[PDB]
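Those protein sequences? They're chains B and A, same order as listed.
Read in order, the letters of the first sequence are residues 302 to 447, 456 to 495, 512 to 569, 587 to 607, 623 to 648, 798 to 856, 876 to 885, 899 to 925 in the deposited numbering.
Read in order, the letters of the second sequence are residues 8 to 34, 38 to 251, 259 to 342, 362 to 418 in the deposited numbering.
Don't be surprised by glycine CBs; every beta carbon is placed ideally from N, CA and C.
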Amino acid sequence: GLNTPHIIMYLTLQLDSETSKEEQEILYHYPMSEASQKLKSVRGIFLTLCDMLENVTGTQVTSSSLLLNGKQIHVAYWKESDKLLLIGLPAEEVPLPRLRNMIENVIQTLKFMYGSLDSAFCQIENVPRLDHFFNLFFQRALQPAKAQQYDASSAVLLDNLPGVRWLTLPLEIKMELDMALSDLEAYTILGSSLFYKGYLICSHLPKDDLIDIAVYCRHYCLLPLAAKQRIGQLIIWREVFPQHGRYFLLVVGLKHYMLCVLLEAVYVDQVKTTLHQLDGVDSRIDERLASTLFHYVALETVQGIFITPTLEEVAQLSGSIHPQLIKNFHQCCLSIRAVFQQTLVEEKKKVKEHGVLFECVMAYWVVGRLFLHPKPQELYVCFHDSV
Amino acid sequence: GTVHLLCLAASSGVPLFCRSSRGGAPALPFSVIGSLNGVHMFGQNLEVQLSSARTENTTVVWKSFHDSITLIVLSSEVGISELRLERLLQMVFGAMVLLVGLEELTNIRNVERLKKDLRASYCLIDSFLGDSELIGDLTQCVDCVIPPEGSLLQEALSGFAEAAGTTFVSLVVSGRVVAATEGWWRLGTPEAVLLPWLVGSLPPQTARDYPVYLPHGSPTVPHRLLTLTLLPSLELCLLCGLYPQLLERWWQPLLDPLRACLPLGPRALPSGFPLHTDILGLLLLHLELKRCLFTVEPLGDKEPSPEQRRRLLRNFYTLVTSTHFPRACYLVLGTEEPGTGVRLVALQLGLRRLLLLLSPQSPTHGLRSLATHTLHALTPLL
């Protein structure tokens, strides 16, 4: 990752100043290192290509593929208003559909943070914050590291999905959680979403807002997984703009709970009291988490959640080549998502039972199924050829 | 479905031609082509290639060949893939080499004469751009048709080759080769696809003598190619480094088998071949033998348009080249309403990759077993 080139850049499109210095063009540029000086120099072709293809083609540039020094580099564009935002990473680690999903998430998160991304980048005070966020994001994209690898192995697709890791809730615990959340609601609370061990254990938030908050947490290290060390006292109280006056994101992480609230224009004390009485629910959920479809990535896009076997399950399901089986699943799911993504573009403008088979000795037969007429959903399955 | 191809003088920075196939084969500002030339050159100086700059509606691919020629494509095709464009540029450069050669293409730059030499290439280029009936332009494999179980055809081809004193003699139909000399088979893959394609693209004449420069055989030695039209849509290719009568010496007693394989051009399958009723498309690929058997019409009931079936198979191949390169695939597609669409299957086994289009009612459970049975049936054929 350190050696591979990677750039985030914010040149000013349609610049009309004869001072062609890099500062005049570039408004923000996080790396500013050896791995990015090349792209900083070659920004001219990016600008010229973007404007020319905007001219000839009714649509703007979404992706340019440059074979730089013998290695492939995908750069994703974004033209909004006299401004252009470019993200370039090597292909051999992040494929192009993953890069497009990643730029979509990045733009969404920036708009979430500082509203108009133009004001996000023009300001100088927030530059250290943007640099830290982009450092973490680039590290996530290029360095999967830093049972500890299953989450990293699957994050190729889990970050791609427009959903959130959801846990099959027992009904009694479900109503207990709903009662607790209602008590918490009883500024202005616009909903909430409680997570356990990184699993979305309850969600009263609207789907778009919940997705925005979850991806904001994912871009950081807030959301844990694999039952990490109990979150001590991390409380975040920030301003946000979830495409809807002044809005605040609150989030308290105590023990394994990762509770979040959205507020509209002292609440930490009441939410702490609310989660304090939730001292028995974790016990009731521990053994539930503990307790031939070898792997399913069943999704619910309308709800914004998806269900996959827990890490304890895959540890129980660990077999001869299962550690390789899961990663093979998760890299093929990217291609399945790519074709389904083309189909989704076709659907939102106004294919369905894709599958492959592997033998790198058991017939994995990973298959992606799409549902559109009912509540739209995706189902990625494994099964031996016998079944 | 609009494609705008461009060839440019790389070092000179002057347009060479702008063959386009927008809305079909019948079909640009100087400033815009200068702009793409400028961005390509800026990439070249900065030692960074420009493989693709795909937009939402279009997709482009540059190719700097021998640092002397520059190739651009503007493909607004729905579901266009990078591999299809890369193959198209590679093979169109192969065509340009065939029509002119290494010289006058690299090194020496003809400012205005090269226009005159390239004037002849336009027919082959726009045949390439249009939705032809062959796949050699995509799969890089020569399009073949199984002969009607006759070795006498190969024996007579060898006899004709001996009589004409040439090791490159091949009987080609509708652009698909049905018989060839061993030298023709061993001949390099880009020109192997090109030569039958050029013959098919050429208008039918009694006999044609044309100069060709083999991209791998002889880019500098101007080989001569003779097309002998025994009957329309079938030709004899005689490729040598001048007035043979041997066509009636050898092919006259071979008239009956030749008439038997005459309709096999579009058929690309032996008459009465046992195949599963669900099969609506065969695209057998033998990469070891560098051949492809492409049957598009085993049934004209569902998806009656053969053009639609060919486009579907080509898109499936462009999607499976990324996956494949025991392993199999299936990409059931179409409208979300049940009983519509198609089922596309892929199998790879011993360099014998095969694509199967199936009926919309074809069951999805036994798709792999169906593919294995089809591959076993077609194994002796190719």
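Within its own chain, the residues whose Cβ lies closer than 6 Å to the Cβ of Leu236 of chain A, once the five positions on either side in sequence are excluded, are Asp219, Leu248, listed in chain order.
Residues of chain B whose Cβ lies closer than 9 Å to the Cβ of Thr340 of chain A are, in chain order, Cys838, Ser841, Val881.
By the beta-carbon neighbour count (other beta carbons within 10 angstroms, threshold 16), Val121 of chain A is exposed.
When the five nearest sequence neighbours on each side are left out, the beta carbons in the same chain lying within less than 8 Å of the beta carbon of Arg119 of chain A are those of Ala16, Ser18, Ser19, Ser78, in order along the chain. Contact annotation: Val905 of chain B and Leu336 of chain A have beta-carbon atoms that are not nearer than 8 Å. Within the region 383-405 of chain B, contact with chain A at the beta-carbon level (separation under 9 Å) is assigned to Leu397. Shown here, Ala63 of chain A sits in coil according to DSSP, grouped into three states, outside any helix or strand. The Cβ of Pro396 of chain A sits no closer than 8 Å to any Cβ of chain B.
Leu99 of chain A places its beta carbon less than 8 Å from that of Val83 of chain A. Exposed is the label assigned to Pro221 of chain A, since fewer than 16 other Cβ atoms lie within 10 Å of its Cβ. Distances from the CA of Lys532 of chain B to each of B:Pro391, B:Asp317, B:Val808, B:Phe883 were compared; the closest alpha carbon is that of B:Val808.
Taking the beta carbon of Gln848 of chain B as reference, the chain A residues within 8 Å of it are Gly89, listed in sequence order. The way I'd put it, the region 153-164 of chain A does touch the region 278-288 of chain A; three or more beta-carbon pairs between them come closer than 8 Å. An exposed status is given to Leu823 of chain B, since fewer than 16 other beta-carbon atoms sit within 10 Å of its beta-carbon. When C-beta distances to chain A are compared with 8 Å, every residue of the region 464-476 of chain B stays at or above that value.
Here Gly160 of chain A is not near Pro270 of chain A, since their CB atoms are 8 Å or more apart. Here the alpha carbon of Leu281 of chain A sits roughly 54 Å from the alpha carbon of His307 of chain B. Around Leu393 of chain A, the same chain offers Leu297, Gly298, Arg326, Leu329, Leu330, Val378, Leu380 as residues with beta carbons nearer than 7 Å, after the five sequence neighbours per side are excluded. Membership of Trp379 of chain B in any beta strand (DSSP E) is not indicated, and neither H nor E is assigned to it by DSSP.
Separation of the CB atoms of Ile408 of chain B and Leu418 of chain B is rounded to 7 Å, and the pair is thereby assigned contact status at 8 Å. Setting aside the 5 residues that flank it on each side, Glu92 of chain A is surrounded in the same chain by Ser62, each with a C-beta closer than 6 Å to its C-beta; the list follows chain order.
Between the C-alpha atoms of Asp352 of chain B and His375 of chain B there is a straight-line separation of about 18 Å.
The alpha-carbon of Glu66 of chain A is positioned some 16 Å away from that of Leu387 of chain B. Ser517 of chain B is bridged by DSSP to B:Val603. When rounded, the separation of the alpha-carbon atoms in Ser168 of chain A and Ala174 of chain A is 10 Å.
The count of Cβ pairs closer than 8 Å, one atom from the region 317-335 of chain B and one from the region 40-48 of chain A, stays below three, leaving the stretches out of contact. Inclusion of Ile526 of chain B and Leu476 of chain B in the CB contact set at 8 Å is warranted, their separation being smaller than that value.
Collapsing the DSSP output to three states places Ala461 of chain B in a helix.
Taking CB atoms only, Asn304 of chain B has no neighbour in chain A less than 8 Å away.
DSSP lists no bridge partner for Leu411 of chain A. Identification of chain B residues near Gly53 of chain A by a Cβ-Cβ cut-off of 8 Å yields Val343, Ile346, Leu367, ordered along the chain.
Neighbourhood of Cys365 of chain A in chain B, by CB distance below 9 Å: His879, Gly880, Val881, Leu882, in chain order. Cβ proximity to chain B below 8 Å picks out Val58, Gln59, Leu60, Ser61, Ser62, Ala63, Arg64, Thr65, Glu66, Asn67, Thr68, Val70, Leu84 from the region 58-84 of chain A.
Approximately 7 Å separates the beta-carbon atoms of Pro549 of chain B and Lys522 of chain B; this is inside 8 Å, confirming the contact. Using a CB distance cut-off of 8 Å, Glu372 of chain A counts as an interface residue toward chain B. Residue pairing from DSSP places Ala189 of chain A in a beta bridge opposite A:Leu181.
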